[PDB]
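In order, the protein sequences belong to chains A and B. The first sequence maps to residues 395 to 1758 in the working numbering. The second sequence maps to residues 156 to 278 in the working numbering. Ideal placement from N, C-alpha and C gives every residue a C-beta, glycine not left out. The structure under discussion appears below in the form of structure tokens.
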Amino acid sequence: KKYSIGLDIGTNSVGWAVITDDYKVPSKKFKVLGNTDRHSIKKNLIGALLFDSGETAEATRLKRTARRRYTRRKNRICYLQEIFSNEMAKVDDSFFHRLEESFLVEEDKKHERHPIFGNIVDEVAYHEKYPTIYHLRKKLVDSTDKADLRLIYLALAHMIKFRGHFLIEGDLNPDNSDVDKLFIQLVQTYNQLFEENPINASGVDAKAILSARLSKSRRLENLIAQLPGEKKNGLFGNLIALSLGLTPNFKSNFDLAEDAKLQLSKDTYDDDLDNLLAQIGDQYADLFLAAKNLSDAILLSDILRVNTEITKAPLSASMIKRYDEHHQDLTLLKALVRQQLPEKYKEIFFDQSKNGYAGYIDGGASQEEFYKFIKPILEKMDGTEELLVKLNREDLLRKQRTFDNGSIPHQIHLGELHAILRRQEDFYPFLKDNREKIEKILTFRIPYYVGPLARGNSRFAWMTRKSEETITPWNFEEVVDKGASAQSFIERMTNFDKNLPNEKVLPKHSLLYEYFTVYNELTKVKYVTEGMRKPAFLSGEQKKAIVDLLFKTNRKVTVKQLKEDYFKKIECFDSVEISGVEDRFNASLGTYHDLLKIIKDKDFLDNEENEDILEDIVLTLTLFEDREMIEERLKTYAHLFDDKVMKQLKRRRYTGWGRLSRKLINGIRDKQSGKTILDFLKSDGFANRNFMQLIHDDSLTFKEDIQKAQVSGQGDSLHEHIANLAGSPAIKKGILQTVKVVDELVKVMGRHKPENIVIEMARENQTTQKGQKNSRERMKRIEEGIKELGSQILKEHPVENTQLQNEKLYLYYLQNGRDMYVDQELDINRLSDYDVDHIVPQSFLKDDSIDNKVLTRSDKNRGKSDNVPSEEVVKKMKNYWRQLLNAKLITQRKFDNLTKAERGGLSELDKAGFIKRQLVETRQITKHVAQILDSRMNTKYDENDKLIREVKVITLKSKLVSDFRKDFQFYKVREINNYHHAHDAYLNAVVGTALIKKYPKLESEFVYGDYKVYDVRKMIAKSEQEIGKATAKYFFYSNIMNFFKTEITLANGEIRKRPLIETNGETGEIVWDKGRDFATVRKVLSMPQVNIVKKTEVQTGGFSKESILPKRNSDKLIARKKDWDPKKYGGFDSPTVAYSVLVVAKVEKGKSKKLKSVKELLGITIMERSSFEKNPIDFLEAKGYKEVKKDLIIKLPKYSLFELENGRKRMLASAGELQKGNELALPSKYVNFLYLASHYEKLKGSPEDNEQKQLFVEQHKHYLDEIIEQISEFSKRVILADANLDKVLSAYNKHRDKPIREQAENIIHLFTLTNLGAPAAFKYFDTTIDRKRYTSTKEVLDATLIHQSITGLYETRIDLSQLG
Amino acid sequence: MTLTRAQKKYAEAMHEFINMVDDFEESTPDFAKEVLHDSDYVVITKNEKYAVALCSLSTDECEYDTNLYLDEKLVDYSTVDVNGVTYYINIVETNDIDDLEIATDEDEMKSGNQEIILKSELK
RNA sequence: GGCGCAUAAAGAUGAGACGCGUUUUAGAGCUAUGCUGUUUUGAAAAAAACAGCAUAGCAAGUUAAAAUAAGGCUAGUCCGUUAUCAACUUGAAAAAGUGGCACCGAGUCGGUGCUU
């Protein structure tokens, strides 16, 4: 029996469905193992797999680099200790012992209690003499006599634990820390970028303004008062705002759509930065990095304030000034509270829980939480002056170890470290011998290229050594083979190309990559001179002239400079309209002008010979951060550069990688001309194409040349092949699970192979479903359109974005309160009867977009033509359409649709576009899933060199199943049950197999393979309908989805009815029996039994929650080490159980401790899983279970499905918490009713069938009572929430008279009582009803366990009541 | 530099907050990082703390007459002052099974009194 | 659906470093009263504190040490939260293997016949 398989791949769900010739899903009685008495289960071969998302690996990368940096810092401490240890054991015996056990309670601490100095008196005298350690450090720098050695160790160990960022390289010269130089560098960057409105910073004094003692905003406005003025909300003003620490809002500077706020000091800055950089172009990231390092320079000069007593400790003196002003303001504020507010003193200084001062010190409360707290009750009091100006400058009661010490460079710690080491070297000869040793412990950063210092056992390392001993920071130079380490770093940290693998990509600022992107923009610019009326693209010598003339002169060139310097200056044309570029050229030769202002030689860069030199230079700057391996990978290029540009060009940095590789741009060539991609984009002749066309051209060799390399990038194993894909690990989990499903499923069906695997996959979405992130850019389009045209509409009828989900209102605003058909005013009160109108109709392609839908009064103000309406319409409205297009309300696509009849009509290429935009699919990952499945399922070669492609793995889009779903009323409601994955898979199978039977002539467009090059020039008619049963054309009506219909409602009201029983043209076989196939499909979407499987995974992840919870007398806590009992030290809480195993053994029960037989569901945490699987009955004997039976242990992970009495299914979720394992099947009439009634206003169609469906809503009001009857008859069986069901029945009875739209949306909210998984709380009309949790786990162990397979067709039903 | 899934899902959650109420300065609590991991929800209430939502545990098929328990558990609340009102951004962990406590009769009113602006789940 | 400019966007993996954060201990908490606490002159209480615990009032309060997944063996200045994972039969492990089919229907799959 031939069959097919439909697949719906998602991030959290794989839907799989098996169909036959007659479109029924099969029905196959399945054997069931185990020991229950049901020996055969009938199951439908439709279902889905449900699995929680594949989490990406970067959380582990964060935790792993944190583990590494903690281990490196501990080893820096151990290096300093193994230095000091000899003469420390001369001075104090167990000092390092006492610092090692400083954490312990006095009983566990096997020495004296005081870490420093031993006994009681000397530790007290130490803390009185040095209240912080910055006093100690500011003493040891600023002294000449000797100091105690363990006290010097405390100083130096505090230096080399907490040592500050390495981010600036060299020393603290004023070129990277004096903020005059940083601010003038920002001004140089800004004038280098814009050059129109260039700001002039000649007379500003950025040091004494941006660094002086003031509040932050007052510090800001003085600076804009200095320069002649941009704004306090301009780009440079908001950029200084970013540089000071307070949040600017950049949506007004670049005029974006959404609100984008960038605070520098947040812990989520540099992701808000790059997803702002996605909207603005990446020519600004240098401006924002200049903002950031100016901010660190300002904030460094904000910590460091001691400059008069300049004696060698600019940090420690600053922090003891902050200690002393903290102390004097504490005494001031304590005396001032007890003066003026005798209440709210215990609530301020004894509080420890309410953001007061005792919450700011003893408790856990922030700085700015404390300032939000204490700004009212210091605004209130009487004499409070200079305790509010140092709150608006954030400096009253400020700590030392704050969050802002992430800007101290390591050279400051190095400077006062150097000072401690050479004040003490005279008294201790021990340190005169090791001072370079100490400073090398401090200033040693394992570089990027070296990586983890492993000795073979890592998975992550590429250290290759020039010796064999222990790598300490002393001998890092004479152990690490840095050339070979850098080479292995390059081959680890390059990136492979997507459409030409086994190849390294270019860097993102590669010079030929910028030539590539300038040509990829200039291939689509078309110019119309005065007197030809034919838009022609640029030729070869014209492109050569403009690239050699203006791109190599100015960085970004707009259309004004384009026409001014080329058509006005060279071509001597007064005005030539320019099509493809809106305002500025999006591509720019940023690397070219950067290198031109670096090495000061245009003639060197105009040579074609130096491109390997320049690309090696850009690759060196892209890969490496380090000064040494950039100066040594440029010592090869010191031959050409006169040693002052070399100290200038080594400063230059880049990041990121280009999308393409060099063997793909200037690499592979065409056999007919020998031209590369760059050579085509220079001189293509008359017809200039772009890069995506050059790789999607079956005429040219280039797609086949990509196919030459795509054979090589395929591992023999499945998992490495899927790892080779491009996408999230969630969607790759989905791809791997659907391949598991395909292999398991073809194992089901007689071990045969299918005839088709049909695939759709629309996932990895981060568009927020376009509910609220869209309406802002909708109003943006409206308002800048009214800005450009100049005719006011929202001076007459304004509507905010709360109502702009209505499509007819948006279409009212975009045509300026007029009609694009007849010069009319759209009546606003009577918009309810004004019908929704397409331009390219619903019989040419299914679309619901603004570029296809328009609004007008009548049905046929349009015309009578099935194309874009007649020439009388478009010539008369040609005045108004240009006026409305030049304001940008509507797309150039929709203008070209409304100017498609003036050029004759729909061409062959036009309908070819209309069938490409519904049938082929452009995202790469769907093509790669099809590649996986036809490479695994079609495997038999033959006597020739061709794979006999038996199983045609075929690709849908989503819109085909979407309009088969909406148009024929197979309505989808996600919130009812999880069957919609499987019903979407079934409709995938139906639409795919029906399109492959009715249209085998188009299998060269949406099945993976290399089929015929016979395009669609012959399968669409050049005129109207062809002859019967001998038509070489497929369908002249360019919509593909028509043959499912009966009526074909045109744009002229006609029902051009297609035959009832569809047949194929090429063979005369029936493809679609309209009388019973929709009966079959609507019966399949009413299956009550659909194989929903929750994938029982073992929880891999963290050991527990990681908030370290304080000293509590509970048992629930986890010890942080093996000798730190949480009853005295505290520790983590809530261990994650990896799998809840079962124990049937004997405990000592009762007062006589009888070995009573028990069956308990023990929980095995992740901390204890390895010790469990070492010897499980040994651990269960250790736990308190006796005579444990090793065969009688059954592993139950999370989502382990049970089944209890009366068909109650409950999936395990913890050691003692269950979930709802039952699905709620609902017949398709009820689901159609709930989708129509819950979309009772937003139908978005012509009002004829909307009146039809609205009458279908209003007549079947009995369905709401039937649905609540059904949910009650369900929840009295498999949910058993008695009180919750009675609450929702009473709340249903109270709101029975409410309208159908609100009542329908609240019954779709009401379905959360019966969904799969965890119980939830859900809002029915006002009764926000509390959930019920299923914590009874003693009802589980008497009930049937089911071991479902990966599709659920194979069950091994273990009964647990049969055990002891 | 690069941040965890738990404070990524919080990052679009507050991004769904900052646009639709008003425009305002002083945005961040943004949080302690280890507390964002071990908390299941980020609710945002209006002018008040998230008074903790509540549940019931059916115990050994003889569940008593309406004993309500606090399934959620507030761990950290922190306020943002949008021009007139005080929105309380507050990240909430659930309670486990063994350590549920009985809620009083006042708290049953509080969850019905609440105005949940946005409850966004995050593991 | 969100075809959003008919073109189609951008994808994962990975190396380094700082900053906090959290937890315990160390920063002798003092005075007053009340209770347990031992003597003197003891012939029982009566007071000379010595300590411990409560309630008020005062005293400061900023820092450091350690740990930052338990730990592991390969002992590295490495590794330990990503993918993987239904039972059952082999196999040390990887890995391989195991389950009959049409029809009438449907309330989470049932039934009949055929074949074993």
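Among the options, the one whose alpha carbon lies nearest that of residue i
i: residue 646 of chain A; options: A:640, A:657, A:639, A:631; result: A:631
i: residue 1348 of chain A; options: A:1586, A:1399, A:1299, A:1364; result: A:1399
i: residue 542 of chain A; options: A:567, A:511, A:532; result: A:511
i: residue 1758 of chain A; options: A:1099, A:970, A:1554; result: A:1554
i: residue 1225 of chain A; options: A:1115, A:1249, A:1208, A:843; result: A:1249
i: residue 1740 of chain A; options: A:1324, A:688, A:1752, A:536; result: A:1752
i: residue 981 of chain A; options: A:1738, A:1498, A:952, A:599; result: A:952
i: residue 1275 of chain A; options: A:1216, A:1650, A:1227, A:1329; result: A:1216
i: residue 1652 of chain A; options: A:781, A:494, A:1633; result: A:1633
Listed by chain order, chain A residues near residue i by CB distance under 7 Å
i: residue 209 of chain B; result: 1724
i: residue 214 of chain B; result: 1729, 1730
Residue i - DSSP class collapsed to helix/strand/coil
i: residue 1099 of chain A; result: helix
i: residue 1759 of chain A; result: Because chain A in this structure spans residues 395 to 1758, residue 1759 of chain A falls outside the shown range and cannot be described.
i: residue 929 of chain A; result: coil
i: residue 1727 of chain A; result: strand
i: residue 669 of chain A; result: helix
i: residue 819 of chain A; result: coil
i: residue 210 of chain B; result: strand
i: residue 1063 of chain A; result: coil
i: residue 559 of chain A; result: strand
Under 7 Å from the C-beta of residue i: neighbouring residues of chain B
i: residue 1755 of chain A; result: By Cβ distance, chain B contributes nothing, its closest Cβ being about 15 Å from residue 1755 of chain A, past 7 Å.
Amino acids of chain A, ordered along the chain, whose beta-carbon sits closer than 9 Å to that of residue i
i: residue 260 of chain B; result: Residues of chain A passing the Cβ test: none, with the nearest at roughly 13 Å.
i: residue 166 of chain B; result: 662, 665, 666
i: residue 267 of chain B; result: 1720, 1721, 1722
Opposing strand residues paired with residue i [DSSP bridges]
i: residue 1212 of chain A; result: A:1219
i: residue 435 of chain A; result: A:424
i: residue 1413 of chain A; result: According to DSSP, which records beta bridges pairwise, residue 1413 of chain A is partnered with nothing at all.
i: residue 1419 of chain A; result: Looking at the DSSP assignment, residue 1419 of chain A forms no beta bridge with any residue, so it has no partner.
i: residue 1742 of chain A; result: A:1749
i: residue 1716 of chain A; result: A:1723
i: residue 859 of chain A; result: A:874
i: residue 1232 of chain A; result: A:1247
i: residue 1526 of chain A; result: A:1512
Where residue i meets chain B, residues with beta-carbon distance less than 8 Å
i: residue 653 of chain A; result: 173, 174, 178
Partner residues on chain A for residue i, Cβ-Cβ distance less than 8 Å
i: residue 185 of chain B; result: 660, 661, 662
i: residue 244 of chain B; result: Within 8 Å Cβ-Cβ: nothing; residue 244 of chain B doesn't reach chain A, min ~12 Å.
Proximal residues of chain B, C-beta to C-beta of residue i below 9 Å
i: residue 1061 of chain A; result: What residue 1061 of chain A touches in chain B: nothing, since even the nearest Cβ is about 33 Å away.
| request: Please go through the segment 1530-1597 of chain A and give each complete beta strand (DSSP E) segment of 3 or more residues, from N-terminal end onward. | output: Look at the segment 1530-1597 of chain A and you find these whole runs of beta strand (DSSP E), each 3 residues long or longer: 1531-1533, 1537-1543, 1548-1554, 1595-1597.
| task | Could you pull out every unbroken alpha helix (DSSP H) segment of at least 4 residues lying fully inside the segment 503-543 of chain A, listed in chain order? | result | Correct list: 514-523, 527-535.
| query | Along the chain, which unbroken stretches of the alpha helix (DSSP H) at least 4 residues long are found entirely within the segment 650-726 of chain A? | reply | As summarised for the segment 650-726 of chain A, the continuous alpha helix (DSSP H) elements at least 4 residues long and confined to that stretch are 663-674, 679-697, given in chain order.
| request: Only counting runs of 4 or more residues, tell me where the alpha helix (DSSP H) segments fall wholly within the segment 873-903 of chain A, in order along the chain. | output: Complete alpha helix (DSSP H) runs here, min 4: 876-887.
| query | Where are the beta strand (DSSP E) runs, 3 residues long or more, that stay fully inside the segment 579-642 of chain A, in chain order? | reply | Whole beta strand (DSSP E) segments, 3+ residues: zero.
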